[PDB]
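**Q** So I pulled this structure from the PDB, and the sequence comes with it:
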Amino acid sequence: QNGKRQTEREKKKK
Amino acid sequence: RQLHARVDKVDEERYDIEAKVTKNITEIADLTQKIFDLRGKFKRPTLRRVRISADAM
């Protein structure tokens, strides 16, 4: 039992 | 590799000083046009040669 301000920025980045 | 990092930097900060002088020059254009206008209202209408021969007819 147990707000969608990245254009010139990415340009400068490239 | 360290030169890729350094060129990342130098290109970044050169575009920094480039846009610095660039919008410095944008505002230089702008403020200079303002100064042209003001100084001119002071002078530019009065900056012309007239009575060339009106003093002779």
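**A** Cool, the structure landed. Numbers count the residues shown, from 1 in each chain, chains lettered A, B, ... in the order given.
**Q** Remind me which helix or strand residue B:4 belongs to.
**A** helix B:2-43 (DSSP states H and E).
**Q** residue of chain B with the smallest distance to chain A?
**A** residue B:15 (4.7 Å; C-beta to the nearest C-beta). All C-beta atoms are positioned from the backbone trio N, CA, C, and that covers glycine.
**Q** can you tell me which residues contact that residue?
**A** Going by C-beta atoms under 8 Å, 6 or more residues apart in numbering or on different chains, residue B:15 touches residue A:12.
**Q** what's the neighbour count on residue B:19?
**A** 13 (other C-beta atoms under 10 Å in any protein chain shown).
**Q** contacting residues for it?
**A** Residues in contact with residue B:19 (C-beta under 8 Å, 6+ apart): none are found.
**Q** So it versus residue B:9, what's the distance?
**A** Distance from residue B:19 to residue B:9, counting by C-beta to C-beta, to the nearest Å: 16 Å.
**Q** near chain A, which residues of chain B show up?
**A** Counting by C-beta under 8 Å from any C-beta of the partner chain, chain B comes close to chain A at B:11, B:12, B:15.
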